[PDB]
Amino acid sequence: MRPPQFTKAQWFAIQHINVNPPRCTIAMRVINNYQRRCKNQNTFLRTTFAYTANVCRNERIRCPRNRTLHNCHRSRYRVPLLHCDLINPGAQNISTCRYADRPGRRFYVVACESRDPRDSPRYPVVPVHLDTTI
């Protein structure tokens, strides 16, 4: 579940925004420590939040993966990224989940919303969900 101290956009940033993420097995602990579950798959975009908020102004499209949402936007550029796959579902403890690291450089797709009152006023619209990379 999203930790209450984070807006949707801030949780998106924890999960998907890191210019210099550690190795997946380490990088995933911060995310996983909150939900008491190891996320099966996750992607860190190696850019900063302002660039992803910019994507929100591109053409509004149906989310290609999570097709219940209508507020997605595709990036116009490739970004470097680090993708993480859970290797050992059934790990006895969160700290023992291990991930395979898959670096890449791709376009991405985000769903956006008007910002939470707790979000920076720099971003009237914010990304709240990483839909997919390609």
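Residue numbers here begin at 1 and follow the sequence given.
- The stretch with the higher mean CA B factor, choosing between 4 to 12 and 125 to 133, is 125 to 133.
- Legend: mean Cα B-factor per stretch from the PDB entry, 76 to 84 versus 37 to 45; the higher mean is in 76 to 84.
- Comparing C-alpha B-factors across 56, 69, 100, 28 in the deposited entry, the largest value falls on 69.
- Among all modelled residues in its chain, residue 18 ranks in the middle third by Cα B-factor.
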